[PDB]
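Report on the following structure.
There are 2 protein chains.
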Amino acid sequence: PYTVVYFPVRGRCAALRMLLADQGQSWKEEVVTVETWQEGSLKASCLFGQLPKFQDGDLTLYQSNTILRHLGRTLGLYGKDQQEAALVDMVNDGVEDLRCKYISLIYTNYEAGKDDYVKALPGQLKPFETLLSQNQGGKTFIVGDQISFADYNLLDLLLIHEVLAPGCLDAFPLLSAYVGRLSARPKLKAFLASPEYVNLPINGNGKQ
Amino acid sequence: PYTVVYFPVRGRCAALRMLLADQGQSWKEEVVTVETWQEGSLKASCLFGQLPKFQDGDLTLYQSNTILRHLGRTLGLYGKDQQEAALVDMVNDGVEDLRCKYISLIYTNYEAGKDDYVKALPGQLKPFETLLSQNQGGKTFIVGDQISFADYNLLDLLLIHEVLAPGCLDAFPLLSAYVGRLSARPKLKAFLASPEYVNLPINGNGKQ
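Chains as they are written, first to last, in this note's numbering: chain A, 6 to 213; chain B, 6 to 213.
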């Protein structure tokens, strides 16, 4: 089946977990403590010396976006055709870009850089609002009329930014409605309300 | 057909160009000067306010890796099956990770950070040597026995690092042979030797 190996945080595993849960998939969580990680053996065995590590049968994967694309490819959450697949990729790359800036802030200079980051946020969120506006008036998904792995990744990005900058979605009707709509999906709603998700910190350094 | 809109540098368009050239594809280059870019209109029209911008017929794409995956998907350079596709993604994500560090050095702190970056390089290159060692003894491609978009991206990464740190591949026999082998592919060899490639700077700030 599926096994995700990660630290006890939502972080880079939040989106793929939302995906698995919403898609009704079963998976095993192998929790790695800082103690175990600092021992060194696990890290050494990781391709790029980092987690998450993912197992699908005897296929072992690394890189959160690789895991997302893999699940999207195998579960049919990658667009209806090549054109949509490319747009799904474009959205995910954009999500990843902002996630990297978010991660940099959280771990590199939260205190000194938070204000500038938040002032810059609207301009970083605008593209996703625009994408929604060009897709059925933003009434369905980020790309096409079927959910894709990019939807879960974007949803997570929006959720964590709401925590970082409460109200950051107020100026964006489509993104706001989108978050509420996707979060309301039965299986996802149940997962997001579960201790499995709720009792895990967003990040590893206690900042958010 | 294909049109790539970019600044007059190799940068993030080097790999996709190598791919198009080696695959015998025709494309148009729309060169954007710093003057034109600073005017602001073009940038404003870009989804994420950046280049490259790519056009495949009326399909407009942004994000270099999105363009690479799109070409890989439509040209059959994405593995022979789902397992390989996931491994191709894993390699590309790894390439992108190191490219971001490279870009950061080049534009953020070349002078002060070069030594530290170079000392760290071997550890950053090792994973690709390992991947090669696990795939037919590194005699074919990075994943499987057919070329993939990740091969062009990795080849470019290796080429620019040889310029940054001459001899950095001496400690990696498989990567070294791989670079020589792929670079020898007829169409690629011709492209790499052409003014179209040779007379373009690797980066935009004149550092390399």
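The beta-carbon is built from N, C-alpha and C at its ideal position, and this holds for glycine as well.
Extent of the continuous beta strand (DSSP E) to which residue i belongs
i                    : result
residue 9 of chain A : 7 to 11
DSSP-derived helix/strand/coil call for residue i
i                      : result
residue 33 of chain B  : strand
residue 145 of chain B : coil
residue 58 of chain B  : strand
residue 51 of chain B  : coil
residue 108 of chain A : helix
residue 14 of chain A  : coil
residue 209 of chain B : coil
residue 94 of chain A  : helix
residue 27 of chain A  : helix
residue 77 of chain B  : helix
residue 102 of chain B : helix
residue 193 of chain B : helix
residue 82 of chain B  : coil
residue 174 of chain A : coil
Endpoints, the alpha helix (DSSP H) within which residue i is located
i                      : result
residue 67 of chain A  : Not the alpha helix (DSSP H): residue 67 of chain A falls in the beta strand (DSSP E), residues 64 to 67.
residue 199 of chain B : Careful: residue 199 of chain B lies outside any alpha helix (DSSP H) and carries neither H nor E.
residue 168 of chain B : 154 to 169
residue 41 of chain B  : 39 to 44
residue 182 of chain A : 178 to 188
residue 131 of chain B : 115 to 138
residue 86 of chain A  : Premise fails: residue 86 of chain A is in no alpha helix (DSSP H) and is neither H nor E.
Proximity winner among the options, relative to residue i (alpha-carbon distances)
i                      : options                    : result
residue 136 of chain A : B:44, B:45, B:6, B:52      : B:52
residue 81 of chain B  : B:28, B:48, B:59, B:33     : B:28
residue 25 of chain A  : A:63, A:46, A:40, A:78     : A:78
residue 192 of chain A : A:171, A:157, A:178, A:179 : A:157
residue 165 of chain B : B:41, B:40, B:107          : B:107
residue 33 of chain A  : A:60, A:16, A:43           : A:60
residue 20 of chain A  : A:45, A:116, A:104, A:48   : A:104
residue 100 of chain A : A:114, A:163, A:83         : A:163
residue 37 of chain A  : A:23, A:15, A:31, A:30     : A:15
residue 6 of chain A   : A:110, A:62, A:213         : A:62
residue 23 of chain B  : B:211, B:188, B:75, B:114  : B:188
residue 185 of chain A : A:159, A:39, A:76          : A:159
residue 115 of chain B : B:144, B:170, B:134, B:49  : B:170
residue 174 of chain B : B:123, B:35, B:43, B:141   : B:123
residue 134 of chain B : B:176, B:121, B:120, B:119 : B:176
residue 141 of chain A : A:31, A:110, A:183         : A:183
residue 118 of chain A : A:18, A:212, A:17          : A:212
residue 18 of chain A  : A:125, A:83, A:66, A:84    : A:66
residue 76 of chain A  : A:30, A:42, A:110          : A:30
residue 178 of chain A : A:194, A:138, A:41         : A:138
Cβ-based burial, residue i [other Cβ within 10 Å; buried from 16]
i                      : result
residue 86 of chain B  : exposed
residue 180 of chain A : buried
residue 112 of chain A : exposed
residue 161 of chain A : buried
residue 64 of chain A  : exposed
residue 143 of chain A : buried
residue 45 of chain B  : exposed
residue 172 of chain B : exposed
Given 8 Å, three or more beta-carbon pairs between the stretch 53 to 70 of chain A and the stretch 128 to 135 of chain A: no
Touching by the beta-carbon criterion (3+ pairs, under 8 Å), the stretch 137 to 151 of chain A and the stretch 92 to 106 of chain A: yes
Cβ contact check for the stretch 153 to 168 of chain B and the stretch 72 to 92 of chain B: 3 or more pairs under 8 Å: yes
Segment contact flag, the stretch 54 to 69 of chain B with the stretch 196 to 209 of chain A, C-beta cutoff 8 Å, min 3 pairs: no
contact_flag[the stretch 10 to 24 of chain B, the stretch 188 to 200 of chain A] where n(CB pairs < 8 Å) is 3 or more: no
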